Amino acid sequence: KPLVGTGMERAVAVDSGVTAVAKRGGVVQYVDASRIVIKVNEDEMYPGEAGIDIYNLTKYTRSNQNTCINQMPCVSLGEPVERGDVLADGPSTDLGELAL
Amino acid sequence: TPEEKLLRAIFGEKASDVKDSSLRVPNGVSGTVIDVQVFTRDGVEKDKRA
Amino acid sequence: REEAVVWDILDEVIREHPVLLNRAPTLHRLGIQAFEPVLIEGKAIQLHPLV
Amino acid sequence: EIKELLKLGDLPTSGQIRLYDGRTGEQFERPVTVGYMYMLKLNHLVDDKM
Amino acid sequence: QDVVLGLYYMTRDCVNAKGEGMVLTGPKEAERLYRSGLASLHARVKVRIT
Amino acid sequence: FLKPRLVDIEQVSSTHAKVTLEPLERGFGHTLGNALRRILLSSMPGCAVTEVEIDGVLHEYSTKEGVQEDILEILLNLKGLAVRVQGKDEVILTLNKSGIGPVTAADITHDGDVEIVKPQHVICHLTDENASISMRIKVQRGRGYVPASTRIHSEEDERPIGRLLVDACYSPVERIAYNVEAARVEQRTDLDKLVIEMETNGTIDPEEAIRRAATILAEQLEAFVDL
Amino acid sequence: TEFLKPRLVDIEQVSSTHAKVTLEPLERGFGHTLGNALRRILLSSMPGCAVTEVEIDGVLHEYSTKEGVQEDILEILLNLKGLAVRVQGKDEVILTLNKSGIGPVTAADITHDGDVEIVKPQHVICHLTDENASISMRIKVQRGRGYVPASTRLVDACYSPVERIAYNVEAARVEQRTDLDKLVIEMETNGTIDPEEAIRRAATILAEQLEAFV
């Protein structure tokens, strides 16, 4: 994480797709280093199909520059998450901020 | 040539009709193998590993 | 095989045997200068500050 | 604003402190500035260029 | 740069410093004075030199 | 040429402590404190985990289904597990646990010489009702910093691809500080004290440490005293 | 948990006063830990016999000129700090220097005593100019441990044999190790102790302090 910062680092991390952002808010049903399954809140949920949002995380893989791009879950089992919250950090991102 | 022929004669090695093109790790770089992909022409039999 | 015994043999061929060092924009003749090699662990070239 | 946060920090306003050489253990004349700087590793890494 | 900043800080003089005014037989015991912590690096002193 | 001796050794926390040396002549507090800081921070006995063979894991870069820690991250956690042995120079510890919850450092299999100084130390979590992790944790003892890279030269068929190596962290010491305060014994001109404030993972006792430190010290002086 | 010991120590003499010794197999950082710990005790705490209190012939204070000698009182004292001696059974001995006639008054013109050993009889104390030139002094010499300057003490205590000590840690290559260090200890002495003897007795006191921890 940058110890000294500006406040853009959060925005740069999120707007770039490197991280994984919540589609809809709710409580985390399942947390694995592989995927993340969120049980949607009913106010945000559509009537049909009910649903849960399943995020399949990217794991260790080659970048164009031959670096490693790997996502890590930043949330814990059964925790409230709101829409537009960071679900998993990407490479060089910490808890939603941008750490280069 | 003559002296290579004596060498094989002494040590009794059958020099193959095939030359070695095998892919080997570049000099000095060392790591762990995390994946293997096998692409095959359509119609050639996929080998065991593939 | 990089057998351990070879490093000492290299110290022989290196001792008195200058090497040429050169930088990117060679301007005057000092852009290339001869030095006596010193074997150093690591992948970086070390260069005397005064030069 | 920075100096006040250093007051809350328990650390001097000058931002400099006394440092001791780990070899002789003796002090260093003058205070030296010590702190925390964010530092990046660019990829020129030596075992490519070489 | 670093080298000349060293020598500048070496031969320089402040107005009052440890060992000011004393006299020494030669450079050998001058370093002995400094390294031991008795005398400051810069202080006005008469010493015998050759 | 009056010689020193130790004095009250004050434990404060399981981590750090302040040892003291009372009879030091002029300036000898510095001559030792720096010379002692040197060997303390560097050469000391320690036992850090080295080879770890886990359940289904081929390499440190995968993820075990049912645990939210990447394998690479779990290996790093092991490098920070503090333990101590007595009569063995390498012991292989078997860790087993399952069920939803944290897998701490107290869930391992106790051995006669096993002392876990931080039973709460988090190895990794467990995210599913039935998910089980078995690992053979091979802990050895040594000196200094031996990175996992320099280990693969002897090799000689370490074929167990499931045996993943980690970096050797061997050392008890974290932070060492020495302060020399003037010690006034009832009759003497001027004498000094030595306050050595050190910081440790709890795997070495203060009196033990300072001896082997000074031990190596005089042992190197052996040659010195002649030519 | 075995620990590496040195080997090879070729001793290169530079004349008879000083020399540069070398030690090849020192592990990481041990070159400084040793080189510095020995530099520390060499320059500071050492047995020595120097000159301290000087009561002279006619002129009591340092601010004057003795008739018949071209050296200012201050300059002659500096020569005294550099007179190297050794005693045997005395912790202080008071000698007596006498001489006259045109010429240098050296260190061999003093009165020899049972415990007096002058290591540099040629050492120039001062000259003696035109006429006969009177000079006699009772020189009070004491014994101690270290360098005690006249200010804290009337001359500075030179007791240390050592003049200048330098240690340099250069990288030592052991046959199958990365980087190990060497130790180049260049020492300097007044000649009342031989270089090889000193560095032994220096470390001796060192280890002698460890005697409650071995």
# chains A, B, ... in the order shown; residues from 1 in each chain; ligands from 1
call {"tool": "interface_residues", "arguments": {"of": "chain E", "to": "chain D", "cutoff": "12 Å", "atoms": "only C-alpha atoms", "output": "count of residues only"}}
result
7
call {"tool": "residues_around", "arguments": {"residues": "stretch 15-28 of chain B", "least_positions_apart": "4", "cutoff": "12 Å", "atoms": "only C-alpha atoms", "output": "list in words"}}
result
residues 4, 5, 7, 8, 9, 11, 32 and 33 of chain B; 2 and 43 of chain C; 47, 48 and 50 of chain D
call {"tool": "write_last_selection", "arguments": {"atoms": "N, CA, C and O atoms", "output": "mmCIF file, in the first residue's frame"}}
result
data_model
loop_
_atom_site.group_PDB
_atom_site.id
_atom_site.type_symbol
_atom_site.label_atom_id
_atom_site.label_comp_id
_atom_site.auth_asym_id
_atom_site.auth_seq_id
_atom_site.Cartn_x
_atom_site.Cartn_y
_atom_site.Cartn_z
ATOM 1 N N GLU B 4 36.071 -39.971 -36.617
ATOM 2 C CA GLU B 4 34.817 -40.159 -35.903
ATOM 3 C C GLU B 4 34.344 -41.590 -36.047
ATOM 4 O O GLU B 4 33.791 -42.159 -35.103
ATOM 5 N N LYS B 5 34.620 -42.202 -37.197
ATOM 6 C CA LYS B 5 34.177 -43.568 -37.441
ATOM 7 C C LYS B 5 34.902 -44.546 -36.526
ATOM 8 O O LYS B 5 34.285 -45.467 -35.978
ATOM 9 N N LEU B 7 36.029 -43.736 -33.584
ATOM 10 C CA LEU B 7 35.475 -43.466 -32.264
ATOM 11 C C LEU B 7 34.211 -44.285 -32.028
ATOM 12 O O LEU B 7 34.083 -44.970 -31.007
ATOM 13 N N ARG B 8 33.262 -44.230 -32.965
ATOM 14 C CA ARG B 8 32.060 -45.041 -32.813
ATOM 15 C C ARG B 8 32.409 -46.515 -32.824
ATOM 16 O O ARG B 8 31.794 -47.302 -32.103
ATOM 17 N N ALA B 9 33.423 -46.895 -33.600
ATOM 18 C CA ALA B 9 33.826 -48.294 -33.662
ATOM 19 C C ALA B 9 34.329 -48.772 -32.307
ATOM 20 O O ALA B 9 33.965 -49.861 -31.853
ATOM 21 N N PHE B 11 33.737 -47.436 -29.262
ATOM 22 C CA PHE B 11 32.720 -47.339 -28.228
ATOM 23 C C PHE B 11 31.368 -47.896 -28.654
ATOM 24 O O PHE B 11 30.410 -47.824 -27.876
ATOM 25 N N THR B 32 9.836 -22.845 -11.935
ATOM 26 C CA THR B 32 8.918 -23.959 -11.779
ATOM 27 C C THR B 32 7.940 -23.979 -12.949
ATOM 28 O O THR B 32 7.542 -22.922 -13.449
ATOM 29 N N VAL B 33 7.645 -25.175 -13.453
ATOM 30 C CA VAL B 33 6.752 -25.342 -14.599
ATOM 31 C C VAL B 33 5.324 -25.295 -14.082
ATOM 32 O O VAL B 33 4.888 -26.204 -13.377
ATOM 33 N N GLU C 2 30.236 -26.198 -14.877
ATOM 34 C CA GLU C 2 30.709 -25.220 -13.901
ATOM 35 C C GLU C 2 31.353 -25.893 -12.683
ATOM 36 O O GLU C 2 31.059 -25.562 -11.534
ATOM 37 N N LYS C 43 25.449 -9.788 -11.217
ATOM 38 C CA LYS C 43 25.316 -9.529 -12.647
ATOM 39 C C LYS C 43 25.609 -8.089 -13.050
ATOM 40 O O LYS C 43 25.442 -7.749 -14.221
ATOM 41 N N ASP D 47 19.175 -9.085 -14.630
ATOM 42 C CA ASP D 47 19.294 -10.342 -15.360
ATOM 43 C C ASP D 47 18.216 -10.376 -16.429
ATOM 44 O O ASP D 47 17.336 -11.227 -16.485
ATOM 45 N N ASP D 48 18.331 -9.366 -17.275
ATOM 46 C CA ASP D 48 17.750 -9.291 -18.594
ATOM 47 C C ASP D 48 18.785 -8.577 -19.439
ATOM 48 O O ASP D 48 19.334 -9.150 -20.386
ATOM 49 N N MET D 50 21.804 -8.004 -19.005
ATOM 50 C CA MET D 50 23.138 -8.593 -19.075
ATOM 51 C C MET D 50 23.264 -9.630 -20.185
ATOM 52 O O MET D 50 22.422 -10.521 -20.327
#
call {"tool": "atom_distance", "arguments": {"atom1": "atom CA of residue G:21", "atom2": "atom CA of residue G:35"}}
result
11.7 Å
call {"tool": "closest_residue", "arguments": {"among": "F:40, F:74, F:146, F:195", "to": "residue F:10", "atoms": "only C-alpha atoms"}}
result
F:195
call {"tool": "closest_atom_pairs", "arguments": {"of": "chain D", "to": "chain G", "cutoff": "10 Å", "atoms": "only C-alpha atoms", "output": "Markdown table"}}
result
| residue | atom | partner | partner_atom | distance |
| --- | --- | --- | --- | --- |
| D:22 | CA | G:32 | CA | 9.4 |
| D:23 | CA | G:32 | CA | 6.0 |
| D:24 | CA | G:36 | CA | 6.1 |
| D:25 | CA | G:36 | CA | 9.2 |
call {"tool": "write_last_selection", "arguments": {"atoms": "N, CA and C atoms", "output": "PDB file, in the first residue's frame"}}
result
ATOM      1  N   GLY D  22      26.443   0.839  12.122  1.00  0.00           N
ATOM      2  CA  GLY D  22      26.449  -0.499  12.686  1.00  0.00           C
ATOM      3  C   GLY D  22      27.816  -1.139  12.769  1.00  0.00           C
ATOM      4  N   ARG D  23      28.832  -0.520  12.176  1.00  0.00           N
ATOM      5  CA  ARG D  23      30.182  -1.067  12.201  1.00  0.00           C
ATOM      6  C   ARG D  23      30.936  -0.595  13.432  1.00  0.00           C
ATOM      7  N   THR D  24      31.189   0.702  13.537  1.00  0.00           N
ATOM      8  CA  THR D  24      31.951   1.184  14.676  1.00  0.00           C
ATOM      9  C   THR D  24      31.070   1.409  15.891  1.00  0.00           C
ATOM     10  N   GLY D  25      29.756   1.490  15.697  1.00  0.00           N
ATOM     11  CA  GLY D  25      28.822   1.746  16.767  1.00  0.00           C
ATOM     12  C   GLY D  25      28.827   3.166  17.253  1.00  0.00           C
TER      13      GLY D  25
END
call {"tool": "atom_distance", "arguments": {"atom1": "atom CA of residue F:103", "atom2": "atom CA of residue F:123"}}
result
5.8 Å
call {"tool": "residues_around", "arguments": {"residues": "residue E:14", "least_positions_apart": "3", "cutoff": "9 Å", "atoms": "only C-alpha atoms", "output": "compact mmCIF listing (two decimals) with C-alpha atoms, in the first residue's frame"}}
result
# COMPACT_ATOMS: atom_id res chain seq x y z
CA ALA E 17 35.35 22.78 19.01
CA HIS E 42 37.59 20.74 12.73
CA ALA E 43 39.32 22.80 15.41
CA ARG E 44 42.13 25.34 15.13
call {"tool": "select_by_dssp", "arguments": {"residues": "chain C", "states": "strand (DSSP E)", "output": "MDAnalysis selection string"}}
result
chainID C and resid 19:22 32:35
call {"tool": "interface_residues", "arguments": {"of": "chain G", "to": "chain E", "cutoff": "10 Å", "atoms": "only C-alpha atoms", "output": "NGL selection string"}}
result
:G and (39-41 or 43-44 or 74-75 or 77-82 or 147-151 or 156 or 158 or 162-165 or 188-189)
